[PDB]
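Every number here is computed from the coordinates shown, using simple stated rules; none is lab data. Cβ placement follows ideal geometry from the backbone for every residue including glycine, while neighbour counts extend to all protein chains displayed.
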Amino acid sequence: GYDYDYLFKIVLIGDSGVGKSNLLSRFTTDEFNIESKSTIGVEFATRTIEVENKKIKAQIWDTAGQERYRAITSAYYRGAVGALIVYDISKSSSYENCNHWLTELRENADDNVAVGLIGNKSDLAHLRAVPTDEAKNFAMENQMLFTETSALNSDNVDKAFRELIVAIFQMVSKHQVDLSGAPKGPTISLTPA
Amino acid sequence: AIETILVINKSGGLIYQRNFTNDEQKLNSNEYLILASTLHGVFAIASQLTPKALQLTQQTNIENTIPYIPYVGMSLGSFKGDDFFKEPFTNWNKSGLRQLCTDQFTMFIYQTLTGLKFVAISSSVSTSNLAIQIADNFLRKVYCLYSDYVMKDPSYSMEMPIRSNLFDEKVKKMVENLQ
Amino acid sequence: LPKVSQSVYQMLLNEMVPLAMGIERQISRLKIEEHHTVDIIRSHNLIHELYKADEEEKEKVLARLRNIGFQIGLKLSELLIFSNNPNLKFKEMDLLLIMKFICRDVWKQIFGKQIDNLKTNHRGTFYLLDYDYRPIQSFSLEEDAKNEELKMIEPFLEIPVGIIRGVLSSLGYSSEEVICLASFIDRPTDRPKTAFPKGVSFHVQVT
Amino acid sequence: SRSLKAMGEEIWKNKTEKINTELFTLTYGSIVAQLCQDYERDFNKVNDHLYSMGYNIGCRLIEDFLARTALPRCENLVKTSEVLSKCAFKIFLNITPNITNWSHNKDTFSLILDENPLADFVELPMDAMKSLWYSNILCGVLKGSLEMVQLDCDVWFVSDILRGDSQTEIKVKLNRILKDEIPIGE
Amino acid sequence: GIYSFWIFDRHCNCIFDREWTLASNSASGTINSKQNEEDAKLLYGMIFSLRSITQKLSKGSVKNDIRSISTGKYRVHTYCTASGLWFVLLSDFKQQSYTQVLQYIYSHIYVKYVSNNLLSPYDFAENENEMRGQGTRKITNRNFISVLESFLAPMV
Ligand SMILES: *C(=O)CCCCCCCCCCCCCCC
């Protein structure tokens, strides 16, 4: 099924315990090698979407470094053309670490990478600790898209992810043209003697 | 009998998965992306697991050179002559995953200096050291062929899937010769 | 003649001290068979428990294990007499012949090696000396905890005492005129050093 | 490499120390007799303690069995039956139990002990004629070993020649093949 | 000869560590040292990941297991048993494979001095809370370490 024209690499990075694993429960093909997070450091999900009549495959790398991954986690951003920074609006530490994560991405990831901001567990309004205004203001200064996601408020992260892939495709897509009455009959020799 | 060849562009992710087994088709396209990305990650892990004894003292820059086989390739494009190279060449990935041994197949990995990765799975299980030389020579053969017919292609974005017609058939002929 | 693997037999024979503690605790890890739950307690925990439970508890467990060894020896003696047919008489010609029979036959059949030399005071007690004592050749705790080793293998040394006591029974002298005690006082005198450092001595007295 | 049976006689012939069967009978009989004596002859759940013994010893014995044979992990029960019929019993007790009574969907089966070296010559009393099994240790070892191969299976006794039935049977029904464990880090 | 020796169990927990040094037999043998706890979990991650890759693309009806894994400098010799007990070994190339050596270790050191060593435990994850990689109850049997060092002394 090697029909997809382009293969984009996206990294789903965020603070430990934020709930990334539940965040990428939707935009997946829920099969294949499960877990493997603690083994090498990443778990893999894929999505297929058509943009401008061209199939695109997006590979999602939900890396995390607990105690062992110092250099490998850095190497895993070798050519990521997308990033999906995650924080929970429950504790200000996760939102505070977003600048540190963005610094690592822009220092190590691919040049002019399209990176966004996701606010997970927004249904729990009881223990909110980061307002939407501050998150949006932080997104404005750093050229990022921002949204808030929840289990009850699902189908928003899917649209944000498709929109991020569309933003990437408008940047790393070289323009092309669709390249798609021949003579018939018996010929006669005309080469010189 | 190299039954499968796959290549990983520069940062994980699969761009070519032509296989030459008779009929297995057990793994769909989706799982092979996971396989390639896992191979890249395991390569990264293997880089950072050198024993302490060799980290501070290598003294082994004579064995990295790969002796050349006469006609491992076949029996060209930008190249010319009876073979792609007659001289012996050097190893680049002196601190990375190099093969995987299994009783039913043997995987060989050849990493370009730039970052291109070429993986060959062979059903054959050689003293487990000469086969490294055979695999490296064949994979540099395939890398030269890729540099000919995939890099000199106007309609091919960098580090994207290799949807070409000359490259795949020529590597098919090349692996057909080697058995 | 039929045979059984020595490994499984030795594993069963070692599995009496965990029996001896577990059954005594039952008189005094949850798990299901098919519909009813049964408690299973790990074997190695019971040796620790037997080491550090009580003096009277330990005495009861040791007596029970001695009874097991007594039954083994009592049943085994008749078959050995039927098969090998030694030159012994019923009650007593001399104790030296009886102990020679035990050393030459019983330990050959139970363990894989003939028991080593034996002392003789010629009137009272006999000492049977065994080097490296097969059924505990792979028994250890720790590099440093060496003194604990001797004190916490001690219950395992009762089954051969029971075997000797039983073999003495059904051969004349009963289990009132015979007292037997095992100990670790033996040295590895000059033989090559094995896994276990200490030997075994069986101080058996009859009258 | 070779068939399971051929591996069985090859290992049994010249790759194992041996001990007389009669001594094994005496030792196990002494164990069961002392259990009967000290537990007030309440035969209802003396069997449970023998089962616990079997579990405990089998958990160690599986290590020896796999170290000797070095077989791959068993996936389906058609192959597990072959294994524990034609090599596992052969190495230890030198017997070859037969396999019959394949349940539907290949879920369960039964081991028929043509000879039981654990109970070679025993005559139970009338009290134990329909209360005691006397070979519970064997099924205890079977499951204690099979647990360590990552597959759970309830095993029990259907009949025994000692009690007076035609043949001794051991149903070894499965419950679930529990999956391997993976590390977790959060 | 060799560089280091590792033993894992069914419970994804490293059970034994032995690190070697320059070819002197009495090397810096830090046994079960906390300083190598970091570079054991990722080794287990390597072995588990490549084992999963091997099983996924396997064919036939045997469910093959990985034999050895060679990097540029060293190579890994691995032996996995049905009971879930992996014997890994880091070593320079020098020779084809260590399958006989690892089998001998399993069948004459571990099985003899741990499984048949009722004093010591088995399945070292006890009563939950360390069954899944988070724990340390590594073996410190006198006979195991002594005999193992004696056996690997010639090869180094
Ligand atoms: C897949 O590997 C299945 C392996 C077969 C199970 C192991 C059975 C070993 C125990 C057999 C019984 C031995 C006799 C015990 C009586 C004391």
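Could you please find all residues in region D:14-48 being more than 7 Å from chain C (Cβ to nearest Cβ), charged (D, E, K, R) and closer than 20 Å to D:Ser131 by Cβ?
Hits for region D:14-48 are D:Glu40, D:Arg41, D:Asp42, D:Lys45.
Residue-wise test of (1) surrounded by fewer than 12 Cβ atoms within 10 Å (Cβ to Cβ); (2) within 12 Å of chain E (Cβ to nearest Cβ); (3) touching a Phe, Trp or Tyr at 6+ places or on another chain (Cβ under 6 Å).
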residue	(1), (2), (3)
B:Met74	no, no, no
B:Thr102	no, yes, no
B:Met107	no, yes, no
B:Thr114	yes, no, no
B:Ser123	no, yes, yes
B:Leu130	yes, yes, no
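What helices (runs of 4 or more DSSP H), lying completely within region A:1-107, carry at least 2 residues that are of a type outside the set (A, V, I, L, M) and within 14 Å of chain B (Cβ to nearest Cβ)?
Details: elements: A:20-23, A:37-40, A:71-75.
It comes to A:37-40, A:71-75.
Can you name every residue in region D:49-64 that is within 9 Å of chain E (Cβ to nearest Cβ) and either within 10 Å of the ligand (Cβ to nearest atom) or over 17 Å from C:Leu19 (Cβ atoms) (or both)?
D:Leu61, D:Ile62, D:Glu63, D:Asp64
One line per residue, one yes/no per condition, for (1) closer than 19 Å to E:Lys73 by Cβ; (2) away from chain A (no Cβ under 13 Å); (3) in contact with a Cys (Cβ under 6 Å, 6 or more places away or on another chain):
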{"site": "B:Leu6", "(1), (2), (3)": "no, no, no"}
{"site": "B:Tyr16", "(1), (2), (3)": "no, no, no"}
{"site": "B:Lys26", "(1), (2), (3)": "no, yes, no"}
{"site": "B:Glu31", "(1), (2), (3)": "no, no, no"}
{"site": "B:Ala36", "(1), (2), (3)": "no, no, no"}
{"site": "B:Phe43", "(1), (2), (3)": "yes, no, no"}
{"site": "B:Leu49", "(1), (2), (3)": "yes, no, no"}
{"site": "B:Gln55", "(1), (2), (3)": "yes, yes, no"}
{"site": "B:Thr60", "(1), (2), (3)": "yes, yes, no"}
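Where residues in region D:134-154 are away from the ligand (no atom under 11 Å from the Cβ) and assigned to a loop (DSSP other than H, G, I, E, B), which of them is nearest to D:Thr27 (Cα to Cα)?
D:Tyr134
Residues that are of a type in the set (A, V, I, L, M), under 30 Å from E:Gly135 (Cα atoms) and either within 11 Å of the ligand (Cβ to nearest atom) or within 14 Å of chain E (Cβ to nearest Cβ) (or both): does region D:158-179 have at least one? Full working, then the answer.
First, the residues of region D:158-179 that are of a type in the set (A, V, I, L, M): D:158, D:161-162, D:170, D:172, D:174, D:177-178.
The next check asks that each one be under 30 Å from E:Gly135 (Cα atoms); those that pass are D:177-178.
Filter again for either within 11 Å of the ligand (Cβ to nearest atom) or within 14 Å of chain E (Cβ to nearest Cβ) (or both), leaving D:177-178.
Yes: region D:158-179 contains one or more residues that are of a type in the set (A, V, I, L, M), under 30 Å from E:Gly135 (Cα atoms) and either within 11 Å of the ligand (Cβ to nearest atom) or within 14 Å of chain E (Cβ to nearest Cβ) (or both).
So C:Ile185 fits all but one of (1) surrounded by fewer than 17 Cβ atoms within 10 Å (Cβ to Cβ); (2) among the hydrophobic types (A, V, I, L, M, F, W, C); (3) in contact with a helix residue (DSSP H, G or I) (Cβ under 8 Å, 6 or more places away or on another chain); what number is the exception?
(3)
Pick out the one residue from A:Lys57, A:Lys20 that is among the basic types (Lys, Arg) and farther than 23 Å from D:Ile184 by Cα. Even if it seems obvious, please write down each step before you answer.
Values: A:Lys20 fails: farther than 23 Å from D:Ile184 by Cα.
Exactly one residue qualifies, and that residue is A:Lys57.
Considering only region D:36-43, I want to know if a residue exists there that is assigned to a helix (DSSP H, G or I), within 14 Å of the ligand (Cβ to nearest atom), within 26 Å of C:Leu30 (Cα to Cα) and touching a helix residue (DSSP H, G or I) at 6+ places or on another chain (Cβ under 8 Å). Please lay out each step first, then the result.
If we filter region D:36-43 for residues that are assigned to a helix (DSSP H, G or I), which is where we start, we get D:36-38.
Next cut, within 14 Å of the ligand (Cβ to nearest atom) only: none.
No, that holds for no residue.
Pairs under 8 Å by beta carbon, first residue part of a loop (DSSP other than H, G, I, E, B) in region B:34-48, partner not β-branched (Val, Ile, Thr), six or more apart or different chains?
These pairs meet every condition: B:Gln48/A:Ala71; B:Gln48/E:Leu42.
Cβ-Cβ below 6 Å, separation at least six or inter-chain, first residue in region E:62-91 and within 11 Å of chain B (Cβ to nearest Cβ), second within 16 Å of the ligand (Cβ to nearest atom): which pairs?
Once the first residue is within 11 Å of chain B (Cβ to nearest Cβ) and sits in region E:62-91, its partners that are within 16 Å of the ligand (Cβ to nearest atom) give E:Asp65/E:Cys80.
Residues in region C:14-33: is at least one over 18 Å from the mean Cα position of the chain (by Cα) and within 16 Å of the ligand (Cβ to nearest atom)?
Scanning region C:14-33, I find no residue that is over 18 Å from the mean Cα position of the chain (by Cα) and within 16 Å of the ligand (Cβ to nearest atom), so the answer is no.
What are the residues in region B:60-73 that are touching an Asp or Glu at 6+ places or on another chain (Cβ under 8 Å) and in a loop (DSSP other than H, G, I, E, B), if any?
Here is the first cut: in region B:60-73, the residues touching an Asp or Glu at 6+ places or on another chain (Cβ under 8 Å) are B:66, B:68, B:70-71, B:73.
Correct list: B:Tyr68, B:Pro70, B:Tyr71, B:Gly73.
Might you check whether a residue that is small (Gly, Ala, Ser) and more than 8 Å from chain D (Cβ to nearest Cβ) occurs anywhere in region C:2-16? Can you show your working first?
Start the filter on region C:2-16 by keeping residues that are small (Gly, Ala, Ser), which leaves C:5, C:7.
Among the residues that remain, those that are also more than 8 Å from chain D (Cβ to nearest Cβ) are: none.
Scanning region C:2-16, I find no residue that is small (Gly, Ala, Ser) and more than 8 Å from chain D (Cβ to nearest Cβ), so the answer is no.
Within region D:83-102, restricting attention to residues that are within 9 Å of the ligand (Cβ to nearest atom) and of a type in the set (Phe, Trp, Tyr), which residue is farthest from the other protein chains (Cβ to nearest Cβ)?
D:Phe89
What are the pairs, 6+ residues apart or on separate chains, where a residue within region B:149-173 that is facing another protein chain (nearest Cβ under 10 Å) and under 15 Å from B:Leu6 (Cβ atoms) has its Cβ under 7 Å from a residue that is of a type in the set (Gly, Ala, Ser) and part of a loop (DSSP other than H, G, I, E, B)?
Pairs found: B:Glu159/A:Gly79.
Kindly provide the set of residues from region D:67-82 that are within 7 Å of the ligand (Cβ to nearest atom) and either surrounded by 22 or more Cβ atoms within 10 Å (Cβ to Cβ) or among the polar types (S, T, N, Q) (or both), ordered by number.
Within region D:67-82, the first condition is being within 7 Å of the ligand (Cβ to nearest atom), and the residues that meet it are D:71, D:73-74, D:80.
Residue satisfying the conditions is D:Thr80 alone.
In region C:97-132, what count of residues is obtained for those that are in contact with a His (Cβ under 9 Å, 6 or more places away or on another chain) and either over 25 Å from C:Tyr9 (Cβ atoms) or surrounded by fewer than 16 Cβ atoms within 10 Å (Cβ to Cβ) (or both)? Reasoning before the result, please.
To start, the set of residues in region C:97-132 that are in contact with a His (Cβ under 9 Å, 6 or more places away or on another chain) comprises C:125-128.
The next check asks that each one be either over 25 Å from C:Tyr9 (Cβ atoms) or surrounded by fewer than 16 Cβ atoms within 10 Å (Cβ to Cβ) (or both); those that pass are C:125-127.
Of the residues in that region, 3 qualify.
Report every pair of residues separated by at least 6 positions or lying on different chains whose Cβ atoms are under 6 Å apart, first residue within region D:56-81 and in a helix (DSSP H, G or I), second among the aliphatic types (A, V, I, L, M) and more than 9 Å from the ligand (Cβ to nearest atom).
D:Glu63/E:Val111; D:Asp64/E:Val111; D:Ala67/E:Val111; D:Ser81/D:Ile99
Would you confirm, using the coordinates I've provided, whether E:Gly84 is closer than 30 Å to B:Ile34 by Cβ, under 13 Å from the mean Cα position of the chain (by Cα) and small (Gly, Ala, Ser)?
Working: closer than 30 Å to B:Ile34 by Cβ: yes; under 13 Å from the mean Cα position of the chain (by Cα): yes; small (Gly, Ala, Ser): yes.
Yes; evaluated as a whole, the condition is true for this residue.
Step by step: first the residues of region E:14-65, then only those that are at positive phi and not charged (D, E, K, R), then the one that is surrounded by the fewest Cβ atoms within 10 Å (Cβ to Cβ). Which residue is that?
Residues of region E:14-65 at positive phi: E:32, E:60, E:63.
Within this subset, residues satisfying the condition of being not charged (D, E, K, R) are E:32, E:60.
Values: E:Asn32: 16, E:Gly60: 7.
Among those that are at positive phi and not charged (D, E, K, R), it is E:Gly60.
When you scan region C:44-79, how many residues do you find that are under 24 Å from D:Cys59 (Cβ atoms), small (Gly, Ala, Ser) and crowded, with 20+ Cβ neighbours inside 10 Å?
So in region C:44-79, the residues under 24 Å from D:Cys59 (Cβ atoms) come out as C:44-53, C:61, C:64-65, C:68.
With small (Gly, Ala, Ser) added as a condition, the list becomes C:53.
Subsequent filtering for residues that are crowded, with 20+ Cβ neighbours inside 10 Å retains none.
Going through region C:44-79 one residue at a time, the tally reaches 0.
Mind checking which pairs have a first residue in region E:131-147 that is under 26 Å from C:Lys193 (Cβ atoms) and a second that is in a loop (DSSP other than H, G, I, E, B) and acidic (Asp, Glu), Cβ under 6 Å, 6 or more apart or different chains?
Close Cβ pairs satisfying both conditions: E:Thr140/C:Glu142; E:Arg142/C:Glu143.
Looking at D:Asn105, is it within 15 Å of the ligand (Cβ to nearest atom), farther than 23 Å from D:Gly164 by Cα and of a type in the set (S, T, N, Q)?
Working: within 15 Å of the ligand (Cβ to nearest atom): no; farther than 23 Å from D:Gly164 by Cα: yes; of a type in the set (S, T, N, Q): yes.
So D:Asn105 does not fit the description; no.
Facing another protein chain (nearest Cβ under 7 Å) and more than 22 Å from C:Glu148 (Cβ to Cβ), is that true of C:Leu30?
Criteria not met by C:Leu30.
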